[PDB]
């Protein structure tokens, strides 16, 4: 099928103004590589619900989408030789604190909707203080 395993990482505690880099690493031996996929990045606070932040399409033209909240601070990017997609979170502040998720769909588009991806990472906590 489209079966793929997404292992994220790179989260943790950071001083306000600080920066972190998240990683969605696709595990080996999925039929398709990660570049065939659209990858969404979501974040969820405990009392809140999932929220889309940054996204990158499967499209060959590299289209990316960014929610107003993170625009210009966050940058989504690809490394294909490592079968990986990075999220660089800069100028971090406490309001950013939440658990972050990576999500993927084969041949997908750049969406802030959780329904529009088929596969999820385990999540990684971010905290800014």
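Residue numbers count along the first chain shown, from 1.
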Inset, instruction - Higher average CA B factor in the deposited record is what I'm after, so tell me if that's 80-88 or 41-49. - result: 41-49
Legend entry - Given 93-101 and 28-36, the range whose Cα B-factors average higher in the PDB entry: 93-101
Legend entry - B-factor third for the C-alpha atom of residue 15 within its chain: highest
Inset, instruction - Would you mind checking where the Cα B-factor of residue 65 ranks among the modelled residues of its chain, as the lowest, middle or highest third? - result: middle
Inset, instruction - Looking at the entry's B-factor column for C-alpha atoms only, identify whether residue 9 ranks in the lowest, middle or highest third of its chain. - result: highest
